[PDB]
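Chain naming here is simple, since letters A, B, ... match the order of the sequence lines and numbering starts at 1 in each. Keep in mind that the numbers below use all heavy atoms, side chains included, and drop hydrogens, waters and symmetry copies.
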Number of protein chains: 2
Amino acid sequence: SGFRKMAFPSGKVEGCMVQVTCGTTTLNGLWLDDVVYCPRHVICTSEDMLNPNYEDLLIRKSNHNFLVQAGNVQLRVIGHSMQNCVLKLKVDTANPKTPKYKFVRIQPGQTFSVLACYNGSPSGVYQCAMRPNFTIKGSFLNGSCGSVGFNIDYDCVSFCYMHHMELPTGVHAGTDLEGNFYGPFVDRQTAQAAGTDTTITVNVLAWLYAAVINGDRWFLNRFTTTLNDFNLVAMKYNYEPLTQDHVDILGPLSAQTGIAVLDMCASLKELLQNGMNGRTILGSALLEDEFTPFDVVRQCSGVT
Amino acid sequence: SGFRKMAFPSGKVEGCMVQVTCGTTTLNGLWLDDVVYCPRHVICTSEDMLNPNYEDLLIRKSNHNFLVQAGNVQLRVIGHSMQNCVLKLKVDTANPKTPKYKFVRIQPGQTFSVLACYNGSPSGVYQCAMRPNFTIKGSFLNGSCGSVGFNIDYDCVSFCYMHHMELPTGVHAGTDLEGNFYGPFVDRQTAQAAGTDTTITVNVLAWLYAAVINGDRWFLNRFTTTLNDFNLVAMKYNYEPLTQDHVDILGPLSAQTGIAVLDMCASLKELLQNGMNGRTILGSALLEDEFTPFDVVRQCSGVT
Ligand SMILES: *CC(=O)N(CCC(N)=O)[C@H]1CCS(=O)(=O)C1
Ligand SMILES: *CC(=O)N(CCC(N)=O)[C@H]1CCS(=O)(=O)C1
């Protein structure tokens, strides 16, 4: 019993972290096989970040200008190329600690773990969600760029995020491992406002199921609703619309608890309309949306 | 910017996890050097747990009855001994992945990361606090016993907890790595009620400092208080009494923000007396107490 914001074990990713320095800028790189992946803004000074022409800045850079250090040993750079907003530095040595991996581009609402690093060294691990406005609410200081987000399925690491930017609002933006930013964000120090940060409804429902499994049941009511009625309430409270795809994904949780998805939606509707009245659910005083239905099943069954 | 419930990178601990089986019971073990540490209740059936005589049960066990598997390979057991509530199984092979380590017995209010494991395999990592009633609010299912709590200082892992029990209330109890339980708990399936779960006041203050650093300042007020006045309020709300030792530990946070500790206590006093009024602090609708002053400094400075 018990339910925690759990991150994936980070060891497989720790073995991939390296430090990349170009000129006076140092950030983190991801070493998989004989390629080091890092944000292209490693070639920028803070002044360049105001209005960078990455193609023009990259011309003035040769292989020997990219210093890559794994632990206390230097990797030899034998090629470099820019793919969207990431640089791929070909090194002469395959990373012996390379795990089985995939590059995946996640959808908003999906969760992942972040291994925060500085100077190629891991500082901590935490669980995040890609917000519906394509930002992440992370914990990143200067030098954390190049830290990555990932998911693990038995022995396969699916890298989904690479940290690049902090918006003026203190929220974070980055790319998938192909260098394409999530959302409309660009690797430029300019006004980039985020859109409405809506609540991930399917995740809140999954967390309510996790609460029922773990004993927190005070919020269960005698009511039911319909998808259209629930969605009128969801729109009012800046919750994402719930679809039949979401109901289907909640099927195993509905079956395990015996609570029909629409009955759980009716409990959620009352929690939105009446609030928690000073009560808590799984140790939280707000409706948690950073657990997917898959996370709840995984945690509640002990998948390793 | 941003503040997250961050766990230590778990790689160094992942390399120590093994599966231990004795008869029909399987749990996790910690392999450091040529010793495997695991809960002594590995020798129990669920029936034995009702009223176990560990010395008598252990007599019927020989080295060959303890099956230790690291990954997919079997470790040879050449000795066994019981130290308090843990078994120490001497193996013929030193763990090549043994990190620099120490065994530490933490105080209530101290935080640590837990690497939840099943069958010797890591499932996830999360950050915990030893509650003032010596329980932890974890996420542990059957087979999670032997999972460990730890802290890391650069390259040294300080193991502080080993999971043993789930109390009938769904909270968790365990030992330090010498096998001594935290609190009055015993490794027996019997009525073990926990005492009052008070709030770790020094940690809440540290988290309020973290909020100020990160931009959440609405709760700062025009008031101050004294340690005795604050403590009258703390007692009323089941908060731990604040001492001059706690004020001293909050000194660096007080200096960085320019907010005197007693002024922050006065903001906390008003938050206790008036509530949050539907507002949030660092994305939480309740006062968070699982960040020590050391955790706040570490996270806010990027210690690797
Ligand atoms: C190195 C890095 O990730 N930066 C952001 C640091 C934080 N706090 O996320 C760096 C990239 C361009 S930037 O102007 O956002 C500063
Ligand atoms: C294997 C283990 O840790 N147990 C507890 C499982 C949970 N949910 O923490 C196991 C040890 C004795 S017990 O009766 O608590 C069951």
Dump the intermediate steps for salt bridge (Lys or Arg N to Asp or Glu O under 4.0 Å) on A:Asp289 and A:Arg131, then the final yes or no. CA-CA 10 Å; A:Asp289 75 345; A:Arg131 300 309 310 168; 2.7 Å; yes

side-chain contact (heavy atoms from CB on, under 4.5 Å) partners of B:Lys97, counting only residues at least two apart: B:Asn95

Tell me every residue that passes side-chain hydrogen bond (donor to acceptor under 3.5 Å, both in side chains) with B:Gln19, counting only those two or more places apart in sequence or in another chain. none

A:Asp48: salt bridge (charged side-chain N to carboxylate O under 4.0 Å, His left out) partners, not counting sequence neighbours: none

Over 60° means perpendicular and under 30° means parallel, so tell me whether A:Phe103 and A:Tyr37 are parallel, tilted or perpendicular. perpendicular

Test: ring-ring contact (aromatic ring centres under 6.0 Å, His included). Region: residues 112-131 of chain A. Which pairs qualify, not counting sequence neighbours? A:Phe112-A:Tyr161

Which residues satisfy the salt bridge (charged side-chain N to carboxylate O under 4.0 Å, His left out) test with A:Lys100, sequence neighbours excluded? A:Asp155

Which atom of B:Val125 lies closest to which atom of B:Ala7, heavy atoms considered: CG2-CB, 3.7 Å

Counting only heavy atoms not in A:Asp153 (residues, nucleotides, ligands), do more than 12 fall under 6.0 Å from its CG? no

Which pairs with one or both residues in residues 1-18 of chain B pass salt bridge (charged side-chain N to carboxylate O under 4.0 Å, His left out), sequence neighbours excluded? A:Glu290-B:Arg4, B:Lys5-B:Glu288

Can you list the residues that meet the side-chain contact (heavy atoms from CB on, under 4.5 Å) rule with A:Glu55, with sequence neighbours excluded? A:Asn53, A:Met82

Please tabulate, for the side chains in residues 249-256 of chain A, all donor-acceptor contacts under 3.5 angstrom to protein atoms that are two or more places apart in sequence or on a different chain.
residue  : atom : partner  : partner atom : Å
A:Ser254 : OG   : A:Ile259 : O            : 2.8

Under the side-chain contact (heavy atoms from CB on, under 4.5 Å) rule, collect the residues that match up with A:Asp245, sequence neighbours excluded. A:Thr243

Checking the side chain of A:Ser10 only, and the main-chain atoms of B:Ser10 only, is there a donor and an acceptor separated by less than 3.5 Å? yes

With B:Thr93, which residues qualify under side-chain contact (heavy atoms from CB on, under 4.5 Å), at least two apart? B:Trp31

Could I get the full list of salt bridge (charged side-chain N to carboxylate O under 4.0 Å, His left out) partners for A:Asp33, not counting sequence neighbours? none

Measure from the side-chain N and O atoms of A:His246 to the backbone N and O of A:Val202, and report whether any donor-acceptor pair falls under 3.5 Å. no

Taking only residues two or more places apart in sequence or in another chain, which ones pass ring pair (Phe, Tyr, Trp, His ring centres under 6.0 Å) with B:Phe8? none

Could you tell me whether a side-chain N or O of A:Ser62 sits under 3.5 Å from a main-chain N or O of A:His64, the two making a donor and an acceptor? no

Would you say the side-chain atoms of A:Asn151 pair up with the backbone N or O of A:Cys160, donor to acceptor, closer than 3.5 Å? no

